[PDB]
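Asks:
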Amino acid sequence: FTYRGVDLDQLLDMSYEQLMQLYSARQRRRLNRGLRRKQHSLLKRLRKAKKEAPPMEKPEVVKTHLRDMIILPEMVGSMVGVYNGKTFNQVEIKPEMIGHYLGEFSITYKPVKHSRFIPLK
Amino acid sequence: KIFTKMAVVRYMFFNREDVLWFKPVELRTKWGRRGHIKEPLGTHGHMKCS
Amino acid sequence: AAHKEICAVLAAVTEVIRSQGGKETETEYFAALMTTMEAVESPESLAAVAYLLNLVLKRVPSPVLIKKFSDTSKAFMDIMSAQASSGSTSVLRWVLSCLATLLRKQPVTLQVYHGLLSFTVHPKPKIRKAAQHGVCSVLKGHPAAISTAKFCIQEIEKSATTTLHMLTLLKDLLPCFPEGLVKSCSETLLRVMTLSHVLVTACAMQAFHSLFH
Amino acid sequence: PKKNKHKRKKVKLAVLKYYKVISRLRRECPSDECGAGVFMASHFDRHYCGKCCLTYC
Amino acid sequence: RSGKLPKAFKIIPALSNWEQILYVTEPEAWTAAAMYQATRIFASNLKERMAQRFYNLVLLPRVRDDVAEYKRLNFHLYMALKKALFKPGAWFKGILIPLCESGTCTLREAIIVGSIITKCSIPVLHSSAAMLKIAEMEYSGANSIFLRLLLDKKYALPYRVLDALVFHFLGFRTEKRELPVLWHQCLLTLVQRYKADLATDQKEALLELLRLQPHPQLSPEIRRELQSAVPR
RNA sequence: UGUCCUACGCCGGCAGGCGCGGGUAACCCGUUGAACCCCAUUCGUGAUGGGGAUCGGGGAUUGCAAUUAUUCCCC
RNA sequence: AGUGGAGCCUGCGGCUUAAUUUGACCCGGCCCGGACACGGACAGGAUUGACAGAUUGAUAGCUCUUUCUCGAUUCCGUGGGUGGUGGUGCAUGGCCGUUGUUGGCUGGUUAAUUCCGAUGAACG
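Residue numbers (the authors' numbering), protein chains in the order written: chain P, 15 to 128, 139 to 145; chain u, 705 to 754; chain K, 119 to 224, 232 to 266, 278 to 295, 301 to 354; chain f, 88 to 108, 114 to 149; chain w, 196 to 427.
(1) Is the region 340-357 of chain w close to the region 296-310 of chain w, with three or more CB pairs under 8 angstroms?
(2) Of the choices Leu221(K), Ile282(K), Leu336(K) and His354(K), whose alpha-carbon is the least far from that of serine 188(K)?
(3) For residue 77(f), is the classification buried or exposed, using 16 other Cβ atoms within 10 angstroms of its Cβ as the cut-off for buried?
(4) Identify whether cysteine 121(f) lies in helix, strand or coil by the three-state DSSP scheme.
(5) Excluding the 5 residues preceding and the 5 following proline 179(K) in the sequence, name in chain order all residues of the same chain whose CB lies nearer than 7 angstroms to its CB.
(6) Give me the Cα-Cα distance between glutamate 331(w) and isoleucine 340(w), rounded to the nearest whole angstrom.
(7) Would a C-beta distance cut-off of 8 angstroms place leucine 56(P) and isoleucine 85(P) closer than the cut-off?
(8) For the beta strand (DSSP E) that contains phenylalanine 102(P), what are its first and last residues?
(9) Determine the closest residue to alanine 166(K) out of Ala202(K), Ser137(K) and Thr154(K), with distance taken between C-alpha atoms.
(10) Run through chain f and tell me which residues come within less than 7 angstroms of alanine 209(w), C-beta to C-beta.
(11) In angstroms, rounded to a whole number, what distance separates the CA positions of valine 323(K) and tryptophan 212(K)?
(12) What is the rounded straight-line gap between the Cα of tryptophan 225(w) and the Cα of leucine 254(w)?
(13) Less than 7 angstroms between the CB of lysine 734(u) and some heavy atom of the ligand COA, yes or no?
(14) When DSSP labels each residue in this structure, what does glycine 739(u) get in the three-state scheme?
(15) Rounding to the nearest angstrom, what Cα-Cα distance links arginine 738(u) and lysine 282(w) in this structure?
(16) With a threshold of 8 angstroms between beta-carbons, can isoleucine 206(w) be considered close to chain f, or not?
(17) Is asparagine 240(w) close to chain f? Criterion is C-beta to C-beta, closer than 8 angstroms.
(18) Quick check on the DSSP output: what are the complete beta strand (DSSP E) runs of length 3 or more inside the region 46-117 of chain P, in order along the chain?
(19) Measure the C-alpha to C-alpha separation of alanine 285(w) and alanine 279(w) and round it to an integer number of angstroms.
(20) According to DSSP, is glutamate 162(K) part of a helix, a strand, or is it coil?
(21) Report the CB separation of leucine 305(K) from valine 341(K) in whole angstroms; it is logged as a contact under 8 angstroms.
(22) Distance check for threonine 190(K) and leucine 183(K), CA to CA, integer angstroms please.
(23) Would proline 109(P) and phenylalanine 15(P) qualify as a contact pair, given that the criterion is a beta-carbon distance under 8 angstroms?
(24) Using C-beta distances below 7 angstroms, list every residue in its chain close to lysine 349(w), excluding the 5 sequence neighbours before and after it, in chain order.
(25) Taking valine 386(w) as part of the alpha helix (DSSP H), name the residues at either end of that continuous run.
(26) How would you label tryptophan 378(w), buried or exposed, when you count the other beta carbons within 10 angstroms and need 16 or more for buried?
(27) Cβ atoms of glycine 749(u) and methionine 710(u): under 8 angstroms apart, would you say?
(28) Enumerate in chain order the residues of its own chain whose CB-to-CB distance from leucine 327(w) is below 6 angstroms, with the five nearest sequence positions on each side excluded.
(29) According to DSSP, simplified to helix, strand and coil, what is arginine 259(w)?
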């Protein structure tokens with residue numbers, strides 16, 4: 015895997031302030047504006063779940079409502095239960111979802127799915 | 705809740721698809737007014753009635 | 119609760135305390151508190167004595183003021199240096215007014238006059254406000281007019302915010318000037334007109350009004 | 088997910104820990125209303141006051 | 196609205212100078228949720244006479260104007276008065292009796308705080324002190340509600356208190372002013388609950404009170420309870 | 001029209017940044033330098049240099065937050 | 001000059017959805033909730049408030065742990081034994097608004113008696 019010509023392993027070594035240029039313009043603005051307490055606490059919970067999990071299967075599912083939090087490169091391999099308003103969608107974070115949010119993998123709406141007179145007398 | 709020829713009724717049923725099974729039969733009040741099951745509201749048997 | 123009383127400093131201190139011992143007015147009190155004005159920098163104790171220092175000396179100890187004017191002047195020219203190093207206001211505002219009070223009733234005198242005058246440019250507004258009012262009462266109540285105009289002209293040439306205070310000083314001090322200093326002031330007020338700044342322009346316009354009115 | 092109520096831990100003879108035999117085993121608060129009777133907590137990283145929430149580390 | 200309060204608030208009960216702190220905090224400018232937050236901490240770890248001072252200056256004014264504005268008591272202010280009733284000694288002498296002695300209390304103020312008394316538990320010795328104190332002073336259109344609901348508590352009435360109530364009733368012997376219907380149910384509940392603790396001379400004392408001050412509807416029921424009353 | 005309207009200088013290609021001033025207003029924006037219109041150039045009846053939807057990639061700004069594209073700009 | 005035909009946007013119906021709020025709604029998670037009697041526990045202790053971390057969808061002593069502090073302000077159960085903060089209309093007592101004239105400064109703040117803080121009488 016390569017992301018913007020950068021492989022995964024040194025992307026995990028890479029800190030926040032030089033992740034600014036690898037993201038797009040939207041995520042670059044968001045990272046400058048900071049991350050609130052709600053997503054700092056969640057990142058610890060994914061870090062805790064990856065810590066105690068067995069090293070040969072996926073970790074336990076973490077349920078959250080944070081649909082507006084971008085996917086940092088250290089989140090790969092996690093089990094996040096993301097909520098669409100009705101149920102929790104369990105999504106497994108592949109390394110190809112780095113610049114994207116969490117809300118667009120739990121769709122909040124369902125698709126829509128949509139005999140003539142002939143006279144006898 | 706009651707509006708002009710529009711009402712929502714609670715505690716008649718508890719599941720969403722109960723009212724779909726009992727849709728085509730009419731409804732009435734103790735005070736003479738009649739009504740028709742219009743559409744389910746969801747997940748607790750609530751419906752909107754006209 | 120204790121300021122609005124008749125026994126408070128509002129009314130009766132202005133009447134009966136001037137009779138120091140029953141006879142008005144003895145300055146033996148101010149000639150007794152040197153141990154408070156010297157080697158004591160306790161705040162609000164020098165302030166309260168500064169209130170009575172301004173309040174009492176209005177009631178004409180003028181023969182007393184003449185003889186021990188030098189005693190008062192040395193008792194305050196060191197005060198002008200002392201809390202100028204410390205930087206207070208409450209002890210400072212009344213002691214400048216009582217200096218104006220003693221100067222109003224009256232070679233060494235002009236140095237005290239320059240001590241009163243040099244505090245007009247002070248950044249703190251209360252200290253400036255009393256000095257602004259103090260200079261007016263001293264001159265209107278003159279040999280001191282020539283030197284103070286020479287201070288006024290040089291201060292304008294040295295300098301934006303301080304010039305507003307100086308034009309306020311020149312607002313009601315032009316009428317007590319001689320011819321040559323009015324002619325020099327008429328140039329100096331006209332020099333800042335070349336600057337397009339509006340607040341200095343309006344005050345200098347209003348300064349000429351108080352000259353002619 | 089029923090809301091269970093807190094039950095206070097009934098510590099048996101909690102009074103009998105602030106002294107030996114004479115002197116006070118625990119600290120006393122240096123405040124005005126709290127002190128001379130108000131004992132302080134002795135935690136493993138802090139000292140805590142049960143009345144005025146005074147914290148010493 | 197919600198969330199955790201700053202820790203500078205949780206030391207005000209144990210702070211030395213509450214008066215300067217509370218006055219600079221502008222208690223009238225607080226929100227409705229702040230009353231439930233402040234009363235909770237000011238009645239939890241705070242002493243009795245101290246908490247009575249807080250009720251008089253803050254809680255009693257804030258409960259008076261709100262019911263005078265919307266003719267209804269807010270939910271948050273209701274739980275504030277519920278939490279104030281956790282300390283009954285401070286609430287009686289800080290909220291109840293000062294409202295009783297104000298003289299401007301109405302039916303709505305009486306009927307709203309009266310339900311709080313019914314909905315919660317009050318110690319008998321604290322409640323019996325409120326019985327004697329309200330029985331001594333004069334009678335208005337609102338303090339009767341304070342009587343009848345407290346008679347509905349069905350506590351073990353001390354016998355000295357029973358003299359104080361009947362002295363209040365014997366005080367209403369020669370007055371020609373019309374007694375309201377709500378005064379009769381106050382009398383009806385009294386003879387319903389404490390018929391076994393009234394004396395034989397007190398038995399006839401209420402009877403002549405029924406003779407001089409009758410009711411076209413309720414007086415025979417008051418007559419029925421008296422005539423079917425067992426002595427001590 | 002407004003205390004949010006903006007002048008001017010510098011930077012970037014554009015959205016946009018940094019600084020410093022005027023105006024409670026027939027006083028500054030503002031001699032309100034508006035668009036069709038007018039004069040030259042290229043195109044030449046061709047779903048075409050008409051038409052712009054729908055899309056891909058990137059950048060900037062307001063917001064606690066831009067995902068189901070807040071909005072704006074470039075290809 | 002158009003609209004009606006094309007693309008986009010907007011409103012009524014209709015169709016799908018949990019709701020697509022109406023001529024605020026849908027999923028979840030909290031808050032609160034009698035007294036009387038009797039039987040229990042209750043200074044050995046009834047009970048209140050709390051630092052740190054976590055569950056949680058988050059924080060939150062309104063929760064799950066480590067025990068710090070307040071103390072009678074008590075808290076567990078069983079009874080067919082009592083229990084309007086209702087909304088709404090009529091008669092009903094008081095009270096406002098509704099159909100002239102003459103007088104009369106501790107303090108911090110600013111270019112400035114600038115800013116904020118305490119603080120009356122008669123005549124027609």
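All C-beta atoms, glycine included, are put in the ideal place defined by N, C-alpha and C.
Replies: According to the structure shown:
(1) yes
(2) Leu221(K)
(3) Any property of residue 77(f) remains undetermined from this structure, which presents chain f solely from 88 to 149.
(4) coil
(5) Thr143 and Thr145
(6) 15 angstroms
(7) no
(8) 102-106
(9) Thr154(K)
(10) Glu125, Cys126, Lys143 and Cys144
(11) 31 angstroms
(12) 12 angstroms
(13) The model on display carries no ligand, and the ligand COA is accordingly not part of it.
(14) strand
(15) 55 angstroms
(16) yes
(17) yes
(18) 76-78, 93-97 and 102-106
(19) 8 angstroms
(20) coil
(21) 6 angstroms
(22) 8 angstroms
(23) yes
(24) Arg388
(25) 376-388
(26) buried
(27) no
(28) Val356 and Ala359
(29) helix
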